[PDB]
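Data first, discussion second: the structure below is written as structure tokens.
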Amino acid sequence: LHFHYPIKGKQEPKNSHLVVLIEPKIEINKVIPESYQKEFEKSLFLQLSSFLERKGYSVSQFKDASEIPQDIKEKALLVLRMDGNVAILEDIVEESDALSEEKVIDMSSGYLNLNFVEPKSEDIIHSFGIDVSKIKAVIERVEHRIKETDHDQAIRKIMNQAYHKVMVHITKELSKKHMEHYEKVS
Amino acid sequence: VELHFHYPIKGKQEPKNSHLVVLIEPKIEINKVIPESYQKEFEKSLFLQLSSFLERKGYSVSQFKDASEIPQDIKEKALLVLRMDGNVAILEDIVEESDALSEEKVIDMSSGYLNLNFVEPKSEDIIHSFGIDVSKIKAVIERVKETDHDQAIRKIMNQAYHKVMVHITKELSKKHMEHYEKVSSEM
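From first to last, the protein sequence lines stand for chains B and A. Mapped onto PDB author numbering, the consecutive letters of the first sequence carry residue numbers 42 to 184, 200 to 242. Mapped onto PDB author numbering, the consecutive letters of the second sequence carry residue numbers 40 to 183, 203 to 245.
Next comes the structure, spelled out in structure tokens:
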């Protein structure tokens, strides 16, 4: 399990804009172990915090849009809420052709949405989606049939790629150019 | 809008072609936003309709709820075991900013994916997998104020049910099954 994406920005200086970061709510389907869901949500929660601190923002963590005191509301630039799901489907066959061997795979479906919310009216001003589907892991190949991994290990291969891609897409959307534009439109 | 898990199987009944297919009850997971009864009724409709489609196409159809309930007598005689797994999830409260032509709108939107497995009955070997992507189905809930969530869920699910039945019915054509029959013959 590698729910870590390294952050390579420089330490930017305090820009005095404060962002509210809500714990992401990512549903999973039954074949994914519960501990992975919490690992995944806990990693995105802290890693986006670091990343936002690293870019000059200060961060109020909450775990629900309920908590949020009218205090923090009156001050914060925006709230960042992530919701969605990841599911894993098992035992899909891809048949052989001239170049490729026949394979049994696991494969994801699912989607993650990140809302940009104004703290007072609670209006969503913008939504950014990451598609996390069609990430594949090979469990058997036919060369003699050969087992490559067990199921749990496919689940893991797939969650890591998914985590990664999410963190890559999100960190890229939250650039300075985008954020400063956000501020002005508001 | 009311639930509508029914696709009209239009077509002449076909001379009984003598092949038997085993149909297993579809396993379709759902996310928290969708009532369990919708899942059940979505799984039940696909099951009966696929039996009706098959029969109307000349096959004998044997129904079971799990592959383990298939008796040897059946395994020995069946052409094919069809076996559907997947999920459908609905995401709520996605905004689509306005532009020159369209008002700003808030929507609900699906994700998920269905997989139909084609299985050789004796060995239990999967021979072929056919997928239907059911993601990116949208319902508008608010314009800058159309509906609420449960009504949008109903619409999205109907559109997903329609898409599954159309893709599978076209996948399980006479040309494809005869081809599949020939392919096992050699195998």
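Every residue gets a Cβ at the ideal spot worked out from N, C-alpha and C, and that includes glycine.
CA nearest to the CA of residue i, picked from the options
| i | options | result |
| --- | --- | --- |
| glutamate 64 (chain B) | B:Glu108, B:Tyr152, B:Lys177, B:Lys175 | B:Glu108 |
| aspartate 105 (chain A) | A:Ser174, A:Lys232, A:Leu121 | A:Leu121 |
| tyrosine 46 (chain A) | A:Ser242, A:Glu239, A:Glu236, A:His225 | A:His225 |
| residue 189 (chain B) | B:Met235, B:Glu236, B:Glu163, B:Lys79 | Chain B lacks coordinates between 184 and 200, the interval that contains residue 189 (chain B). |
| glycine 125 (chain B) | B:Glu82, B:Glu159, B:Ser141 | B:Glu82 |
| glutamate 143 (chain B) | A:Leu155, A:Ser168, A:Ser141, A:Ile146 | A:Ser168 |
| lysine 161 (chain B) | B:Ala117, B:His200, B:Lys175 | B:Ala117 |
| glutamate 204 (chain B) | B:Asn70, B:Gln102, B:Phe86, B:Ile146 | B:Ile146 |
| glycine 170 (chain B) | B:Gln78, B:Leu42, B:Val222, B:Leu140 | B:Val222 |
| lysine 228 (chain A) | A:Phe103, A:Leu59, A:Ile48, A:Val40 | A:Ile48 |
| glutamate 115 (chain A) | A:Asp172, A:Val60, A:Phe157 | A:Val60 |
| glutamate 135 (chain B) | A:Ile113, A:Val183, A:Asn154 | A:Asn154 |
| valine 158 (chain A) | A:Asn70, A:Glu239, A:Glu80, A:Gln78 | A:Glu239 |
| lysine 71 (chain A) | B:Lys66, B:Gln217, B:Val100, B:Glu184 | B:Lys66 |
| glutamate 80 (chain B) | B:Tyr219, B:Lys233, B:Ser242, B:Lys232 | B:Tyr219 |
| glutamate 184 (chain B) | B:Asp138, B:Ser76, B:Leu119, B:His58 | B:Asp138 |
| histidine 58 (chain B) | B:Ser76, B:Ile113, B:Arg201 | B:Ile113 |
| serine 242 (chain B) | B:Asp206, B:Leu119, B:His207 | B:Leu119 |
Coil, strand or helix - residue i by DSSP
| i | result |
| --- | --- |
| residue 250 (chain A) | The structure shown has nothing for residue 250 (chain A), since chain A only spans 40 to 245. |
| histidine 167 (chain B) | strand |
| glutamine 52 (chain A) | coil |
| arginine 212 (chain A) | helix |
| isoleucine 129 (chain B) | strand |
| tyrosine 238 (chain B) | helix |
| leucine 89 (chain A) | helix |
| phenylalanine 81 (chain B) | helix |
| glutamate 229 (chain B) | helix |
| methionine 148 (chain A) | strand |
| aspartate 206 (chain A) | coil |
| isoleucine 113 (chain A) | helix |
| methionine 123 (chain B) | strand |
| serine 101 (chain B) | strand |
| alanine 106 (chain B) | coil |
| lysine 96 (chain B) | coil |
| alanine 139 (chain B) | coil |
| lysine 177 (chain B) | strand |
| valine 224 (chain A) | helix |
| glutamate 75 (chain B) | helix |
| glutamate 159 (chain A) | strand |
Counted within 10 angstroms of its Cβ, other Cβ atoms place residue i as buried (16 or more) or exposed
| i | result |
| --- | --- |
| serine 84 (chain B) | buried |
| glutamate 68 (chain B) | buried |
| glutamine 88 (chain B) | buried |
| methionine 235 (chain A) | buried |
| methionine 123 (chain A) | buried |
| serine 174 (chain A) | buried |
| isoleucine 165 (chain B) | buried |
| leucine 140 (chain A) | exposed |
| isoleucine 73 (chain B) | buried |
| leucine 230 (chain A) | buried |
| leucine 42 (chain B) | exposed |
Distance between beta carbons of residue j and residue i, contact taken as under 8 Å
| i | j | result |
| --- | --- | --- |
| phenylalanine 44 (chain A) | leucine 62 (chain A) | That pair is no contact at about 16 Å. |
| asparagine 156 (chain A) | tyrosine 98 (chain A) | That belief does not hold up - the Cβ atoms of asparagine 156 (chain A) and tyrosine 98 (chain A) are roughly 17 Å apart, past 8 Å. |
| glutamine 78 (chain B) | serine 90 (chain B) | With a Cβ gap of about 19 Å, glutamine 78 (chain B) and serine 90 (chain B) do not count as contacting. |
| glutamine 217 (chain A) | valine 40 (chain A) | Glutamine 217 (chain A) to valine 40 (chain A), Cβ: 11 Å. No contact. |
Short CB-CB distance (under 8 Å) between residue i and chain E
| i | result |
| --- | --- |
| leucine 59 (chain B) | Among the protein chains in the structure shown, which are B and A, there is no chain E. |
Exercise. Assess, as a yes-or-no matter, whether the stretch 86-97 of chain A is touched by the stretch 50-64 of chain A under the definition of 3 or more beta carbon pairs within less than 8 Å.
Key: Because the criterion of three Cβ pairs below 8 Å is met, the stretch 50-64 of chain A and the stretch 86-97 of chain A touch.
Quiz item: Is the number of C-beta pairs between the stretch 127-134 of chain B and the stretch 142-153 of chain B that are closer than 8 Å three or more?
Solution: yes
Quiz item: Does the stretch 169-182 of chain B come within contact of the stretch 209-217 of chain B, defined as at least 3 CB pairs closer than 8 Å?
Solution: yes
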